[PDB]
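Each chain, letter by letter, is given below.
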Amino acid sequence: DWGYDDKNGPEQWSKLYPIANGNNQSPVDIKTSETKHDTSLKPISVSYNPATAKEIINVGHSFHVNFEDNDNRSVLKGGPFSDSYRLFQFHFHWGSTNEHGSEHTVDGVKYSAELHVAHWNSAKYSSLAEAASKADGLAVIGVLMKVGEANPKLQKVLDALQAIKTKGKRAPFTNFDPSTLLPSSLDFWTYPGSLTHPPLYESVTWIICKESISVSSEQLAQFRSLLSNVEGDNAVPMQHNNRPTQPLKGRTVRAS
Ligand SMILES: *CCS(=O)(=O)c1c(F)c(F)c(S(N)(=O)=O)c(F)c1NC1CCCCCCC1
Ligand SMILES: [Zn+2]
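Residues numbered from 1 in each chain as written, not as in the entry; some residues may be left out. Chains lettered and ligands numbered in written order. Heavy atoms only, no water.

Trainee: Quick question: what am I supposed to make of helix α3 (residues 217–224) here?
Mentor: The α-helix advances 3.6 residues per turn, and as a result positions three or four apart in sequence lie on the same side. Those residues of α3 that sit buried are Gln219, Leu220, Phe223 and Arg224. In an axial view of α3, the angular spread of the buried residues amounts to 150°, which keeps them on one side of the axis. As for α3, its buried residues are in contact with β5 (63–67), β7 (85–94), β9 (113–121), β10 (138–147), α2 (155–160) and β14 (213–215). (Buried < 20%, exposed > 50% of the residue type's maximum accessible area, 1.4 Å probe, protein only. Helix = DSSP H or I, 4+ residues; strand = E, 2+ residues; numbered from the N terminus. Arc of directions from axis to C-beta. Contact = heavy atoms within 4.5 Å.)

Trainee: Can you help me understand the packing of aromatic side chains in this one?
Mentor: Centre distance and the angle of the planes are the two values used to describe a pair of aromatic rings. A complete count under the given rule lists 13 aromatic pairs for this structure. Ring geometry for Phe67 and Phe90: centres 5.8 Å apart, planes at 40°, overall tilted. Remark: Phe90 occurs in strand β7 and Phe67 occurs in strand β5; sequence separation between them is 23 residues. Neither residue differs from the other here; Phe67 and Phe90 are each classed as buried. With a centroid separation of 6.0 Å and an interplanar angle of 90°, the aromatic rings of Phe90 and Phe92 are classed as edge-to-face. The class of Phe90 is buried, set by a relative accessible area of 0%. Through successive ring pairs, a cluster of aromatic residues spans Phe63, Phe67, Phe90, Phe92, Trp94, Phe173, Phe176 and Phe223. Seen from the ring of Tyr125, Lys134 lies directly overhead, with NZ or CZ sitting 5.8 Å from the centre. The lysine or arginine in question, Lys156, covers the ring of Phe173, its NZ or CZ lying 5.1 Å from the ring centre. (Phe/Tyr/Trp six-rings, centres within 6.5 Å; stacked < 30°, edge-to-face > 60°. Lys NZ or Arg CZ within 6 Å of the ring centre and 35° of its normal.)

Trainee: What exactly am I supposed to notice about the environment of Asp136 here?
Mentor: Considering the arrangement of structural elements, one finds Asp136 in the loop between α1 (128–131) and β10. In sequence terms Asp136 and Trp120 are 16 residues apart; their C-alpha atoms lie 8.7 Å from each other. Once residues lying within four places of it in the same chain are set aside, the contact partners of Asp136 are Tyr85, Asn121, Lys124, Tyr125 and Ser203.

Trainee: Which parts of the structure should I look at to understand the pattern of salt bridges?
Mentor: Charged atoms that come close allow side chains of opposite charge to pair. The full count for this structure, using the stated rule, is four salt bridges. Across the salt bridge formed by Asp38 and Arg254, the nearest N and O atoms sit 2.7 Å from each other. Separated by 216 residues along the polypeptide, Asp38 in the loop between β2 (36–37) and β3 (44–47) and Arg254 in strand β15 (residues 254–255) bring together distant segments of the chain. Across the pair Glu68 and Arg73 runs a salt bridge, and its minimum N-O distance is 3.0 Å. The exposure class of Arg73 is partly exposed, given its relative accessible area of 30%. Taken together, the shared-partner salt bridges in this structure form one network comprising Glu68, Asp71 and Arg73. (Salt bridge = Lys/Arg side-chain N within 4 Å of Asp/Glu carboxyl O.)

Structure, rendered in structure tokens:
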């Protein structure tokens, strides 16, 4: 029902999802002069099992890669967390132009796209569906993607998109460790926030990497060539899916 278009996009979401105007909404601009270093943060540790890669799915507004989440084979730990979070998905956001496709910004600087690697709290909760609405339920690593050289690490993913061109299509996507997509250093910022699209629950601990990764102009074009319509209907490109930044409302962004 909601989308990213003028009629149903971010500026309209608060009508059906009032929490859009809440105190812990994402994404945010990270003003580096205002970050606070927390001596209790530990380094991030990611430990993903490539055999957990399962399927790629076109969901109309975006696409994602899911990973088997029945057990703790693939986990994020460290950082601000006291226990491990289980990997379940990764996806991207992009924009209509290379100039602004990221959701998070840094000192007002907009990147071309953004990678999200999503996990849920399997220490405290027993399912993604339980964890999704809890303040401590989800942990998402964000990586800002700077347009420039083509990124070869994206290749398996981009090559798969031909199999999921229209809304609802899905295909097997196996033997893939998405830590291969992360930057070499996992220095990061963390703040309490939300899902960036409806239902916008304030359930996400964000881990935003200090270091960016690359993406080419033509790789971004491949994202925008996915279609938001169902097969047989007239082709409608998925041109953009990034939410604008939202007020900090007194939250602190912590620096590792
Ligand atoms: C196919 C991607 S998704 O499942 O629609 C999805 C998404 F596109 C996102 F942008 C987020 S975000 N930006 O806040 O990480 C996301 F979490 C997505 N997945 C969730 C699953 C977790 C709870 C269930 C309901 C909302 C979508
Ligand atoms: Zn996202």
